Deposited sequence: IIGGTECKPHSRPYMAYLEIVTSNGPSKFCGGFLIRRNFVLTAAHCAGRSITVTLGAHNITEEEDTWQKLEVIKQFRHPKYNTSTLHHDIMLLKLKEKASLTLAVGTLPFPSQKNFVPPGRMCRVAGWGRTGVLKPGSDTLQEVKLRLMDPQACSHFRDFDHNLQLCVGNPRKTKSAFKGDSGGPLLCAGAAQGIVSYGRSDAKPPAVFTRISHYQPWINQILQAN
């Protein structure tokens, strides 16, 4: 998160910190959010050979009683996910067991908010702590320069005159507008100049319901 502020610990209890394991490289990291006690939503580009989810975290370097480290049994990447266009960049993760509900862990031109443990600058490392930033929902023409941007499938997010943005490491985090999840962090420019492109959740509701009933 670039240009955000540190959250009060555990004030976003649905936030999930994902460690993504692959066969041929070191761990990668994403965000995500708990939507059922045994399901996390995140970005499809966060798929890997295996994933571990940490719920209840604030400072992810400092283990505490609020932490629930949970195994992911199965990944459900959207079947239409396309690595060339980044269309349908959404994935459900089924947890091996249902998470415990605690104070710190629970399920989930207008201004929206997005949180994450991602980089706080183009050249800066991932944040130790959960950060959040407020971003402006833009008209789709603001994202025309992303040639594969599609207004039906995606939101255009972030005033180009501000430096505020989600960034690397924030993948999969929910964009909330009026306390309701509207988007999921997907992609943006490598130089972090806003706006960025978020998945439009509403488009994926039937598919999400589909997976949630089948598993």
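K.L.:
Report the unmodelled segments of the deposited sequence as residue ranges counted from 1.
P.N.:
Going by the record, the one segment left unmodelled (no C-alpha atoms) falls at 109 to 119.
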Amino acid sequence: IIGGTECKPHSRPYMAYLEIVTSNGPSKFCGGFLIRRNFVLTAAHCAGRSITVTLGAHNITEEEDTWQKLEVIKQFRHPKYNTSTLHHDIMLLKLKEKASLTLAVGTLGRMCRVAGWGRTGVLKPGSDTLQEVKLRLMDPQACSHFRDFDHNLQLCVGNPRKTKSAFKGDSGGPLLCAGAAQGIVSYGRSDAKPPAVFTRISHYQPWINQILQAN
From here on, numbers count along this sequence of modelled residues.
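K.L.:
Would you tell me which stretch averages the higher CA B-factor in the PDB entry, 187 to 195 or 201 to 209?
P.N.:
Between 201 to 209 and 187 to 195, it is 201 to 209 that shows the higher mean C-alpha B-factor.
K.L.:
Averaging CA B factors per stretch from the PDB record, which one is higher: 49 to 57 or 162 to 170?
P.N.:
Comparing averages over the C-alpha atoms only gives 162 to 170.
K.L.:
Would you mind checking which of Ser100, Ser84, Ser144, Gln75 has the top Cα temperature factor in the PDB entry?
P.N.:
Spelled out: the listed residue with the top C-alpha B-factor is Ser84.
K.L.:
For the C-alpha B-factor as written in the entry, point me to the maximum among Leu93, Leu135, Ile90, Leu123.
P.N.:
Spelled out: the listed residue with the top C-alpha B-factor is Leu123.
K.L.:
Test of reading the entry: by CA B factor among the chain's modelled residues, which third contains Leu175?
P.N.:
Within its chain, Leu175 is a middle-third residue by C-alpha B-factor, going by the deposited values.
K.L.:
With respect to C-alpha B-factor, does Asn152 fall in the lowest, middle or highest third of the chain as deposited?
P.N.:
Highest third of the chain for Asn152's C-alpha B-factor.
K.L.:
Relative to the other modelled residues in the chain, which third contains the C-alpha temperature factor of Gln68: lowest, middle or highest?
P.N.:
Ranked within chain, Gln68 CA B lands in the lowest tercile.
K.L.:
Comparing against every modelled residue in the chain, figure out the third that the C-alpha B-factor of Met111 lands in (lowest, middle or highest).
P.N.:
Highest third of the chain for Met111's C-alpha B-factor.
K.L.:
Where does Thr42 sit by CA temperature factor within its chain: lowest, middle or highest third?
P.N.:
It belongs to the lowest third of the chain when residues are ordered by C-alpha B-factor.
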